[PDB]
Protein chains: 2
Amino acid sequence: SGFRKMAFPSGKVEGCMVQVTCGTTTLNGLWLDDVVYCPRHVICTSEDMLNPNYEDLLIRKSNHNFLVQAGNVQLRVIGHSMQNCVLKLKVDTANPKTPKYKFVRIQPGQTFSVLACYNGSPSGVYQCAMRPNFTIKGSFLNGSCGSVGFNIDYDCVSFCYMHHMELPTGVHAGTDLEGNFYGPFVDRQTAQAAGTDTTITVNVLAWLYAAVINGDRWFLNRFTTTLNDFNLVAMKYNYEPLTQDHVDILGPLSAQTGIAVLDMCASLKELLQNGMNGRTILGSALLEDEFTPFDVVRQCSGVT
Amino acid sequence: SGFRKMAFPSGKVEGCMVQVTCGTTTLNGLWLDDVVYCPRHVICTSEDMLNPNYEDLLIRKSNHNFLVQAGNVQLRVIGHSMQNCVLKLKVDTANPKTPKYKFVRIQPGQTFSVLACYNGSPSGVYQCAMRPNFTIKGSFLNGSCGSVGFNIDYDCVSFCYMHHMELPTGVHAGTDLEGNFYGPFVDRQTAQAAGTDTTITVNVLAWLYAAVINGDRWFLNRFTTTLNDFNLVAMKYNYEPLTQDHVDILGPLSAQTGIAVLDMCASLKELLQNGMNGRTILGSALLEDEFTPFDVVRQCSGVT
Ligand SMILES: CNC(=O)Nc1ccc(N(Cc2ccsc2)C(=O)Cn2nnc3ccccc32)cc1
Ligand SMILES: CNC(=O)Nc1ccc(N(Cc2ccsc2)C(=O)Cn2nnc3ccccc32)cc1
C-alpha cells in the first residue's frame with residue numbers, strides 16, 4: 001500500500017545523455033544508435049533568440065562546430081540536419097548503451113518521466129503530465145534544454161518529449177523527438193499564449209480509485225450522477241468533459257473496487273462543489289490529476 | 001523555474017538489483033562488490049512470521065538454498081551471514097556494475113530516493129523523507145522488500161535504507177544497510193506502535209524559500225517572530241521545534257532571497273494559524289515537508 005508520484009527508473013535514459021556545444025551554447029543531447037538529437041536553438045546567440053532564422057544560422061555551421069561529448073569521450077560528427085525544431089547530429093559511433101526505443105507523440109493528459117540533465121549529466125527524475133494545453137509544469141533551469149521525457153514498457157523506452165523552453169509565465173514547452181512542438185509554441189524568445197488549461201478529469205477519477213484501494217475512503221458518498229450532470233459540474237470547475245472512452249479506460253479500477261464510474265463521478269462532484277473541508281486524500285489537499293488510469297493500475301500491481 | 005519532488009537518477013542503483021529466493025519466498029537483494037544484501041525475512045514461511053526465530057531458521061539454510069539471480073544469470077553463493085535484520089550473501093563474482101558507494105544511517109527529517117523493485121527488477125523511483133518517527137510513507141507492495149533508499153553525491157551512492165515491512169497502519173519500516181531498523185520496529189508480523197510523528201519544520205521553511213525563488217510569494221507578510229514565539233505555534237500544530245542549527249542550515253536560502261529566517265517563520269506561523277484560504281504554493285494545498293534545505297539549493301542550482 002501507499003501511493004506515490006512515481007517516475008520510471010531512469011537508467012536506460014541516463015545511458016543516452018550527452019553534452020552538445022555549438023559556439024557559446026551548451027545543452028543536452030540524446031544519443032541513440034549513431035544519431036544525437038538536440039534542440040536546434042543550440043545554434044543561437046543573444047542577438048538571435050528574439051526571432052532566429054534557423055536555416056541561416058545552421059548554414060554557418062559545419063559538422064566540426066558541434067561538440068558532442070559522452071562523459072569524457074568526444075564523439076565525431078559526420079553529418080547534421082534539422083528536422084522541425086531538432087538537430088540530428090550523425091556520429092561515427094553507435095551508442096553501445098542504446099536501449100530498445102521508440103519515438104512517440106503523447107496525447108494531452110498522458111504522463112511521463114523527465115530526466116533533468118545539465119551538461120549531459122543527469123540531475124534528477126520526476127513524473128509529470130502533458131497538460132491539456134500542451135505545456136508541462138516541470139523543474140528546468142538554463143542548460144536543461146535537450147532533457148527528455150519518456151515512458152518505459154518492459155525493455156522499451158518510448159521517448160515522447162525533448163525540453164526546449166520556459167515561457168515567460170514559468171511553464172515549460174518542448175517537442176516530440178521529430179522536433180514538432182506540443183502546442184502552439186515556437187522556439188523564439190517571445191511572449192506566447194499557452195491557452196486555457198483544464199484539469200484532467202479521467203486522471204482525478206483514477207487517483208480517487210487509487211485512494212480507495214489504498215484505504216482513503218472518506219470522500220465516498222451515497223450518491224450517483226450521469227455523464228451529462230457530471231459534465232455540467234466539470235464545465236463550472238474547468239475540468240475536461242468526461243466521455244464514455246474515459247469511463248471505459250476506468251473499467252479496470254471500477255472492477256477492482258466495485259465502485260461504478262458514475263458513483264465515483266458523484267464523489268468527485270461533491271468534492272468539487274464542497275472542497276476537502278481541511279481533509280486530505282493520499283497526502284494531498286487538492287484533486288490530483290497527474291496519474292492516468294494506466295499509472296494507477298501499474299503502481300497498484302507492481303509492474304516492472 | 002518550477003519545483004518538483006525530484007528523485008536521484010536511479011541508473012547506478014538499477015545496476016545493483018538482484019532477485020533473492022529462499023524456499024518459497026522471493027524478494028530483492030542489493031549486489032555490491034561480491035556481497036548481496038537482503039532482508040533476513042526471506043528465510044521465513046507462513047508459520048514463522050508471527051515471531052520468527054531467525055537464528056534457528058537460518059541454521060536450516062545452506063549457501064545453495066539462497067537463489068540469487070542478476071537478470072538472467074545465476075550468482076553462485078559461497079557464504080551467508082546475518083547482521084542484525086539483513087542477510088549478507090557472499091557470491092563468487094563481484095558486481096561489474098558496482099558504483100562508488102557508502103552505507104549511511106540517515107537522520108529523521110532527511111530525504112532520499114527509493115527504487116521500488118519486484119523480482120529484482122526496478123518498477124519506479126520516488127523521493128521521500130524519513131519521518132521524525134522513523135517510518136516512511138512509501139509505495140510498496142508484497143515482493144518490494146529489499147528495495148533500497150539512497151542519495152547520490154557526484155559519483156557516490158550513499159545507501160541509507162532497505163525496505164522490510166509494512167505496518168498494519170499502511171506505513172513503511174526498514175533498516176540501514178547494516179540491518180539496523182530505523183525506529184523501534186522489529187521484523188515480525190505484529191501490531192507495532194510507530195509513535196507520534198511531527199512535521200519537519202526546517203523542510204517546510206526550505207520549501208517556502210523554494211516557493212519565493214520560483215515566484216509563489218502571496219504568503220509573505222509584514223511580520224516577524226522569534227524562535228520562542230514560533231516554537232509555541234510549532235508546539236500547537238505538531239511541528240518540530242526550530243533550533244539555531246535549523247536556522248543556520250537555512251542560511252543559503254535566506255541569503256539568496258534576502259528574507260530573514262525569522263521573517264519566513266512569521267509567514268509559516270500565519271499559514272499555520274490561518275490555513276491557505278483555498279490558495280496553493282508550488283502546486284500544493286498543504287505545507288510540504290519532504291524537501292530539505294540541501295534539496296532546495298540543489299534543485300534550484302541544478303547540481304548533477
Ligand atoms: C547564449 N545563448 C543562450 O543562452 N541561449 C538560450 C537562452 C535561452 C533560451 N530559452 C529561450 C529561447 C530562445 C530561443 S528558443 C528558446 C529558453 O527558454 C531556455 N530555457 N529552457 N528552460 C529554461 C529554464 C530556465 C531558464 C531558461 C530556460 C534558449 C537558448
Ligand atoms: C510466504 N512468505 C511470505 O510471504 N513472507 C512475508 C510476508 C509478509 C511480510 N511482511 C510482514 C513481516 C513478517 C515478518 S517480517 C515482516 C511485510 O510487511 C512485507 N511487506 N513489506 N512491504 C509490504 C507491502 C505490502 C504487503 C506486504 C509488505 C514479510 C515476509
Side-chain angles (χ1 to χ4, degrees), chain A residues 1-15 17 113-128 136-144 152 166 169-172 214-216 275-276 278 280 282-288 290 295 298-304, chain B residues 1-15 17 113-128 136-144 152 166 169-172 214-216 275-276 278 280 282-288 290 295 298-304:
Chain A
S1 78
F3 204 75
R4 280 279 185 180
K5 190 97 49 122
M6 190 169 290
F8 285 105
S10 58
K12 296 166 177 283
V13 181
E14 293 171 50
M17 305 306 306
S113 295
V114 170
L115 179 66
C117 296
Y118 296 90
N119 303 104
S121 291
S123 65
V125 63
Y126 60 91
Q127 187 75 356
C128 69
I136 73 167
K137 291 160 169 166
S139 172
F140 292 110
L141 301 165
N142 206 13
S144 63
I152 309 178
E166 179 164 303
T169 62
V171 300
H172 303 112
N214 289 283
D216 276 7
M276 323 257 297
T280 65
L282 290 182
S284 179
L286 55 73
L287 299 168
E288 298 282 336
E290 294 191 308
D295 296 340
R298 185 189 306 112
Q299 186 174 163
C300 295
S301 79
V303 163
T304 66
Chain B
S1 78
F3 204 75
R4 280 279 185 180
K5 190 97 49 122
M6 190 169 290
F8 285 105
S10 58
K12 296 166 177 283
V13 181
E14 293 171 50
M17 305 306 306
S113 295
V114 170
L115 179 66
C117 296
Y118 296 90
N119 303 104
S121 291
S123 65
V125 63
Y126 60 91
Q127 187 75 356
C128 69
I136 73 167
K137 291 160 169 166
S139 172
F140 292 110
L141 301 165
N142 206 13
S144 63
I152 309 178
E166 179 164 303
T169 62
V171 300
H172 303 112
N214 289 283
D216 276 7
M276 323 257 297
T280 65
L282 290 182
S284 179
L286 55 73
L287 299 168
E288 298 282 336
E290 294 191 308
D295 296 340
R298 185 189 306 112
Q299 186 174 163
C300 295
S301 79
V303 163
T304 66

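As a basis for the values below, the full set of heavy atoms in this structure was taken, side chains included, without hydrogen atoms, waters or symmetry mates. Proteins get letters first, then strands, A, B, ... in listed order; numbering begins at 1 in each.
Interface remark: of the candidates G11(A), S284(A), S139(A), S139(A) forms the most heavy-atom pairs closer than 4.5 Å to chain B. Counting heavy-atom pairs closer than 4.5 Å to chain A, the top residue among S121(B), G278(B), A7(B) is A7(B). The candidate with the highest count of non-hydrogen atom pairs below 4.5 Å against chain A, out of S10(B), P9(B), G2(B), is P9(B). Contact count against chain B (heavy-atom pairs under 4.5 Å) is highest for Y126(A) among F140(A), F8(A), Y126(A).
Taking 4.0 Å as the cut-off between side-chain N and carboxylate O, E290(B) and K5(A) do not count as a salt-bridged pair.
Both the backbone and the side chain of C128(B) come within less than 4.5 Å of a heavy atom of chain A. Proximity to chain B (any heavy atom under 4.5 Å) is restricted, for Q127(A), to the backbone atoms N, CA, C and O. For chain B, the nearby part of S301(A) is the backbone; its heavy atoms alone come within less than 4.5 Å. Both the backbone and the side chain of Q299(A) come within contact range of chain B, judged by heavy atoms closer than 4.5 Å. Contacts of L286(B) with chain A are made by both backbone and side-chain atoms, with heavy-atom separations under 4.5 Å. If you measure heavy-atom distances from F3(A) to chain B, the contacts under 4.5 Å come from the backbone alone.
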* To do: Decide side-chain contact (heavy atoms from CB on, under 4.5 Å) for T304(B) and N119(A); before the verdict, give the C-alpha distance in whole Å, the side-chain angles of both, and the deciding distance to 0.1 Å.
  => CA-CA 8 Å; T304(B) 66; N119(A) 303 104; 5.9 Å; no
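In terms of heavy atoms, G138(B) sits closest to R4(A) at C-CG, 4.0 Å. The two residues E166(B) and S1(A) come nearest to each other via the heavy atoms OE2-OG, 2.6 Å.
At distances below 3.5 Å, not a single donor-acceptor pair connects side-chain atoms of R298(B) with backbone N or O atoms of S123(A).
Within the model, atoms NZ of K12(B) and CD of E14(A) stand 8.0 Å from one another, a figure rounded to the nearest 0.5 Å.
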